Ligand SMILES: CCCCCCCCCCCCCCCCCC(=O)OC[C@H](COP(=O)([O-])OCC(O)COP(=O)([O-])OC[C@@H](COC(=O)CCCCCCCCCCCCCCCCC)OC(=O)CCCCCCCCCCCCCCCCC)OC(=O)CCCCCCCCCCCCCCCCC
Ligand SMILES: CCCCCCCCCCCCCCCCCC(=O)OC[C@H](COP(=O)([O-])OCC(O)COP(=O)([O-])OC[C@@H](COC(=O)CCCCCCCCCCCCCCCCC)OC(=O)CCCCCCCCCCCCCCCCC)OC(=O)CCCCCCCCCCCCCCCCC
Ligand SMILES: CCCCCCCCCCCCCCCCCC(=O)OC[C@H](COP(=O)([O-])OCC(O)COP(=O)([O-])OC[C@@H](COC(=O)CCCCCCCCCCCCCCCCC)OC(=O)CCCCCCCCCCCCCCCCC)OC(=O)CCCCCCCCCCCCCCCCC
Ligand SMILES: CCCCCCCCCCCCCCCCCC(=O)OC[C@H](COP(=O)([O-])OCC(O)COP(=O)([O-])OC[C@@H](COC(=O)CCCCCCCCCCCCCCCCC)OC(=O)CCCCCCCCCCCCCCCCC)OC(=O)CCCCCCCCCCCCCCCCC
Ligand SMILES: CCCCCCCCCCCCCCCCCC(=O)OC[C@H](COP(=O)([O-])OCC(O)COP(=O)([O-])OC[C@@H](COC(=O)CCCCCCCCCCCCCCCCC)OC(=O)CCCCCCCCCCCCCCCCC)OC(=O)CCCCCCCCCCCCCCCCC
Ligand SMILES: CCCCCCCCCCCCCCCCCC(=O)OC[C@H](COP(=O)(O)OCCN)OC(=O)CCCCCCCCCCCCCCCCC
Ligand code: HEC
Ligand code: SF4
Ligand code: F3S
Ligand code: FES
Ligand SMILES: [Ca+2]
């Protein structure tokens, strides 16, 4: 059998762009900005929460037809 | 007038496979009128027989009991004794009789080899089985269709190509004894295909993958110092899986009756192809 | 046209050390990869199973 | 196969081939496929990367191409650590706010 | 036939014009890397400024050594002209060695290496010695090679002089750290004439020449002369950004702020030293005795700004495209 | 017209830059076989292949603004545009030949699956009529193609060596009885002798 | 790795021979995209 | 020939393979519901 395992990068994808190295910083800036936005939203939603349980938290239920939900004691 | 036959063909295929597994190695006695006492003095050859030209014939082993004290001790001698004395309808290729032409390559009792320079088990108890090369289409008896082998051989351009004119035309392309011994043990191939019919990569991909023998010939024409199309040949053999399919099993060097080492040649070819791929990038810059 | 046939080589070749040595490595790698993929599939399958229901329950 | 089923099968495969050919070679569809193929090629074979073949003498290689990896690592690590610190600060702020509001 | 290696350069353009306007050379082929389309467009739009003759003109892109070798194989005379690009280009040193080697491999009647100082890459350690060693190695690879090291070129076929004229005309500041060594400008026309003589004469037991235009000048004197000729005033070291970043440095910010060609220009101004060596023979030995005097060429008000206009607004970014 | 300036600059840059590469890409495509003519570009190195394929359409279709072009520049752009159109036609031709090759290889693959050792479920002794007709018509088209390439010896030789290989393998897959003489009548003239 | 899996399937399965190098490349691109999506999503 | 940041590429590929395998197989996050019958109890 032939040995083929290796961690080295393939030369097919190792080319540079004409003006220099590949667009690494430009894409990393976008990635960092997107991560900042996403994690900021997640943190804001997560931390500023409380559960308030009282009569005003309950409303009258209804069917998908909009009528009030009541089930008989059949 | 004809109709769909998927179901009938499927049922017949399954049933035939099962029955053949039950009745594998079907054998027919050439001469049933033999007293078991006589068979003590005679050795048994099971010879594969099949005549696709005849629509009523099917493959089968035929059992021949022969006195091994009537002909020399080689597979070809026994085959020809059977043909001439017992049944002259047997078919086999034979030209040289001294292991040079390479036409008589067959599966001599479990190993691909030339039948003319291969002995057989002298013991009278164990039977000897002679069958054609394994993965080659069978034309008749021990004759296979080696046409594809030759067609592949043609694709390597096995002729000296030179890009530089000879300086004087009254001399011979100079080549020192070292550049000649570089070919020793590499130009003796007789194109018997015994090795290539034993290469599993050649079993699986007969067409896309050239055999060990053809690749060894390409290596012979590459390492030759007189030719100047080294890189061109390397690139040509580097396409798809013409060479990459080799898995270095090494059976090719084990079966070669001539003692050659196609495995080493293929290994060197792989190294040269890798270097060619790398330095197509490294050099041109 | 009667299609031609052949005798598969591996059915009629005496077992050799080269076949064993090479196919051993190939089977080692095949077993490794198959084991990994099958473990992944097994975890997926078992996690896909439903929860136990009561006795003689409809819906 | 039966020649009637042969007619049906030939017609069906001809219809499939014609449908595929029309859909691929129609003007707008052809343009869409042609542009999307190149977009996919750009994405797959020219994605952002940190390792690349250096074919230029040290005098002819920019500094950006010698410290791009370090800049990327700095950006990513700083983003992660700053997000962690922001999470801790938000935890403290929320705790203090809801504590001072009641209990 | 002629192959002009790295001819897109302004000095290369001048030499190409000189060779094209002198008949002969049934086919002239210009080979260059052409990094960005701006340079190719510049060369092509120069190609309009040529009186049409029998000579045919063609362009070749030196993407890899295969192209260079193929072009050389189809040539009888070769004229190498350093380069004009810094960063993301093969080299100014390996290129000449490869040219010499390939030329020797496929027999070439004549190989002339023009090496203007203004084009050498002065952003590397021991730039002048690096260039000298590159020339020596190239000569070793091709003993019959002819050498012609020019010393600052003016006229509309120059790199540094044209750059300075554009800067002064637009009022751009100039980071100026002059070196003490004197300068001797040479009109590119005289360089083209010398190249013609080298290509035609043959024999030529003397294989080292230098293009040196009599009158000597200090760097400050040259800038003063150019400013007088263009009709503006020099703005030396007038940009605080330059003072802070010091384009003489090669840090990340310096490279990513200023134009690379401007960096090399100021580094050349700072690291300039006379090219003439005891082994060179002046162009007077090639018969070119009527050299164009630099001072008389750039008389006051003898240069018009409109010959150096550039795109200013976002249209300028079309160059980066 | 700033947008016009940018459009024309983009077109000029891309088209002229690729025109200097079309020779190399076309030569590489010729070098490989017809099974996957773009094999080298997919596996080893994409030497501006996808770029040529994409920008050929733009060269053909997108308009030009000569007032934004010089004289020599406009001549060069027209030359490059013609080169890209030539590449378009060349790619179309190679694609057609490659698809015909794959037709023949499909026929051969059906035969091989028929004679495969693992095929314990679909083993057929006698070739059926449909595949015979397919073989006959495919060989007829192949012979017509070989005839049509009489003015291009290199192309004719490549078409033979590549496509006719599977025709030869199909020839070897079956016995010489039944309708075999009629099916391979055209193949037996010259091609059969070549593949021996 | 992916290359090796495709090579094994091509060399052992006769039916898989039907696929071109182009189709194999399309599968390669889709698999890479799915792997990137998997890596990204698991952390979300 | 030289490859910029080759070691970084090797380690990035190794990390990608490790993370993908970890999430696909969940090798580290086993299930212990099968061991509960074979475990002692407290309280
Ligand atoms: C971000 C949010 C918005 C995203 C919007 C995306 C929209 C995409 C629409 C695509 C439409 C079809 C396009 C057809 C092609 C037309 C353009 C063209 O031909 O190229 C021109 C131009 C030059 O091409 P070329 O001359 O042929 O050069 C290549 C040659 O080989 C010659 O090479 P060379 O050596 O000469 O060098 C030339 C160099 C020249 O290149 C450049 O100059 C470009 C450099 C980068 C941009 C620089 C400018 C930055 C500032 C832009 C500011 C814009 C402001 C906009 C304001 C708008 C206000 C309204 O070329 C390159 O290097 C090409 C770069 C390719 C980058 C590909 C990126 C792939 C990955 C993307 C996703 C990454 C996710 C990571 C997540 C990881 C998390 C861990 O290239 C481009 O325009 C590049 C575009 C690349 C991206 C397109 C595809 C994006 C797809 C994203 C994934 C979305 C999936 C969603 C699910 C799917 C269903 C929806
Ligand atoms: C020919 C006919 C053959 C018929 C066979 C029929 C077999 C029927 C099987 C029925 C199902 C058995 C399931 C066992 C589950 C075991 C785990 C367990 O208890 O989990 C609890 C399970 C929850 O699972 P989980 O915890 O979420 O995750 C389980 C995972 O396995 C993860 O748990 P873990 O993290 O603890 O995992 C332990 C770790 C352990 O891994 C290791 O460390 C490996 C250690 C290996 C050591 C081996 C030593 C052997 C020694 C060799 C020596 C050779 C010497 C030679 C010398 C030569 C001379 C020198 O990983 C593994 O166990 C590896 C598993 C992956 C397998 C990869 C290969 C897959 C493809 C190949 C399959 C076999 C093909 C054979 C073909 C044969 C052809 C002829 O929940 C239960 O309580 C279920 C209990 C099991 C019953 C399930 C019933 C389902 C019924 C479905 C309806 C259809 C049924 C159809 C039946 C048909 C019958 C004919
Ligand atoms: C849900 C999420 C969605 C978003 C994410 C998506 C992610 C997945 C990827 C999707 C990929 C597939 C996309 C769908 C396929 C679209 C096919 C298509 O366009 O069909 C046209 C195509 C017809 O065009 P054709 O046959 O190719 O051309 C001949 C015609 O006679 C026409 O001849 P003509 O000369 O009269 O007109 C030519 C031109 C109109 O000509 C013009 O007016 C000029 C257009 C711009 C030219 C390029 C100037 C670049 C200047 C530099 C910019 C630098 C920016 C900053 C960065 C600097 C540093 C790098 O019209 C086109 O062909 C437009 C095609 C699309 C844009 C091509 C330009 C690419 C480069 C510029 C954009 C990318 C940025 C690159 C930056 C870097 C560059 C180095 O076929 C159709 O008509 C099909 C119609 C039905 C299908 C849907 C149509 C959708 C139309 C969308 C228009 C979008 C316009 C751009 C918006 C940009 C917003 C920021
Ligand atoms: C529970 C969750 C859900 C599970 C099911 C999920 C299914 C997902 C979708 C699967 C889609 C599969 C089809 C598309 C792939 C490509 C197929 C293809 O090439 O098409 C043409 C090709 C037919 O080509 P052809 O020209 O007709 O054949 C002649 C060529 O020379 C032939 O040349 P060749 O080399 O191309 O042909 C080789 C061919 C294989 O085809 C063959 O040539 C023969 C197939 C039958 C072999 C049967 C065994 C023969 C005897 C071996 C020894 C067994 C000993 C057992 C007892 C041991 C006792 C100790 O290989 C394949 O089929 C490739 C893919 C195989 C794996 C994927 C399919 C797995 C199906 C598993 C369930 C099957 C149904 C239940 C069975 C059990 C019921 C109790 O395949 C088909 O059309 C048939 C497809 C397969 C049908 C099922 C046959 C049984 C397979 C069992 C495999 C078990 C593996 C172990 C793990 C199983 C875990 C579930
Ligand atoms: C219609 C269009 C056509 C559709 C077709 C169908 C398929 C879809 C196609 C769509 C097109 C895009 C497809 C995805 C890209 C595929 C790329 C590919 O296949 O490349 C193979 C190719 C394989 O090559 P290879 O030879 O095998 O080598 C690979 C090795 O991994 C070698 O890798 P490497 O070594 O070069 O590394 C790569 C590099 C790549 O990374 C980057 O540079 C990129 C960075 C992230 C940028 C993210 C930008 C995202 C922007 C998004 C903006 C919003 C978009 C919204 C769009 C909406 C719609 C318009 O990695 C890094 O930079 C490593 C960073 C590690 C950071 C470590 C942190 C350390 C912290 C500690 C610091 C030190 C502390 C010390 C403390 C000491 C205490 C004592 O990959 C590459 O070579 C490129 C690198 C890999 C890039 C992967 C990018 C994946 C992006 C997925 C995006 C999915 C978006 C879905 C959106 C859905 C919306 C609905
Ligand atoms: C090596 C190459 C091949 C590799 C292949 C890899 C495949 C990867 C597949 C990935 C996707 C995995 C999806 C898993 C779905 C499993 C569904 C299933 O059957 O689960 C078991 C289920 C009962 O489970 P559950 O209701 O949860 O009850 C136990 C709870 N403690 O059971 C039931 O409810 C039983 C009813 C549903 C199942 C019906 C199955 C019908 C099969 C018909 C076969 C027809 C062909 C026959 C061929 C032979 C003919 C002679
Ligand atoms: C892409 C790189 C850019 C961008 C973003 C800017 N310019 Fe420059 N510029 C560029 C090139 C290729 C050239 C040609 C230089 C040469 O003659 O070889 C120039 C040139 C100039 C000039 C004239 C020459 C000089 O002054 O050095 C000026 C003036 C100039 N550029 C200015 C300028 C300004 C103000 C920019 C805004 C940031 C700018 N450029 C951007 C390429 C590019
Ligand atoms: S390679 Fe070996 S077995 Fe094959 S023909 Fe040559 S000598 Fe004979
Ligand atoms: S037996 Fe077979 S696959 Fe390779 S090295 Fe030897 S050939
Ligand atoms: S019989 Fe002569 S070599 Fe076989
Ligand atoms: Ca040789």
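Protein chains in written order, with our numbering: chain A, 1 to 74; chain B, 75 to 359; chain C, 360 to 418; chain D, 419 to 521; chain E, 522 to 842; chain F, 843 to 1038; chain G, 1039 to 1082; chain H, 1083 to 1125. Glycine included, C-beta positions come from ideal geometry on N, C-alpha and C.
Residue interval of the alpha helix (DSSP H) (run including residue 416 of chain C): From DSSP, residue 416 of chain C is part of no alpha helix (DSSP H); its letter is neither H nor E.
Should residue 363 of chain C go down as buried or exposed, given a rule of 16 or more other Cβ atoms within 10 Å for buried? buried
Please list, in chain order, the residues of the region 911-929 of chain F that have any C-beta partner in chain E closer than 7 Å. 912, 913, 914, 915 and 918
Looking at the structure shown, is residue 784 of chain E part of a helix, part of a strand, or coil, going by DSSP? helix
Check the DSSP bridge columns for residue 1085 of chain H and list the partner residues they point to. D:471
Out of F:905, F:884, F:883 and F:937, point me to the one whose CA is closest to residue 850 of chain F's CA. F:905
Would a check of beta-carbon distances place residue 677 of chain E closer than 9 Å to chain D? no
Return the CA-CA distance between residue 723 of chain E and residue 920 of chain F, expressed in angstroms with no decimal places. 40 Å
Short of 6 Å in beta carbon distance, which residues of its chain neighbour residue 32 of chain B, apart from the five on each side in sequence? Order them along the chain. Summary: the structure shown does not reach residue 32 of chain B, with chain B confined to residues 75 through 359, and so no result is reported for it.
On a CA-only basis, which of E:594, E:643, E:609 and E:544 is nearest residue 794 of chain E? Give me that one, please. E:643
Counted within 10 angstroms of its Cβ, other Cβ atoms place residue 295 of chain B as buried (16 or more) or exposed: buried
Would you check if the distance between the CB atom of residue 323 of chain B and the CB atom of residue 1 of chain A is smaller than 9 Å? yes
Assumed close pair residue 625 of chain E, residue 662 of chain E - CB separation to whole angstroms, cut-off 8 Å: 6 Å
Per-residue contacts from residue 458 of chain D into chain G (C-beta, under 8 Å): 1067
Quick one, which of B:257, B:123, B:282 and B:79 has its alpha-carbon nearest residue 99 of chain B's? B:123
When you compare only the Cα positions, how much space is there between residue 782 of chain E and residue 607 of chain E? 7 Å
Ignore the nearest five residues each way along the sequence and tell me which others in residue 381 of chain C's own chain have a CB closer than 6 Å to its CB. none
Can a CB atom of chain D be found closer than 9 Å to the CB of residue 1056 of chain G? no
8 Å Cβ cut-off: residues of chain A touching residue 556 of chain E: 18
What separation, rounded to the nearest whole angstrom, lies between the Cα atoms of residue 404 of chain C and residue 1106 of chain H? 12 Å
List in chain order the residues whose CB is within less than 7 Å of at least one heavy atom of ligand 6. C:400, C:403, C:404, C:407, C:408, C:409 and C:411
For residue 330 of chain B, which residues of its own chain have a beta-carbon under 6 Å away from its beta-carbon, when the five flanking residues on both sides are left out? 269
Have a look at E:785, E:694 and E:638 and flag the residue whose alpha-carbon is nearest the alpha-carbon of residue 762 of chain E. E:694
Taking the alpha carbon of residue 142 of chain B as the reference point, which residue from B:217, B:127, B:222 and B:201 has its own alpha carbon closest? B:201
Three-way DSSP call (helix, strand, coil) for residue 233 of chain B in this model: coil
So the beta strand (DSSP E) residue 548 of chain E belongs to, where does it begin and stop? 548-553
Considering just the uninterrupted stretch of the alpha helix (DSSP H) at residue 139 of chain B, what are its terminal residues? Here residue 139 of chain B belongs to no alpha helix (DSSP H); instead the beta strand (DSSP E) covers 134-140.
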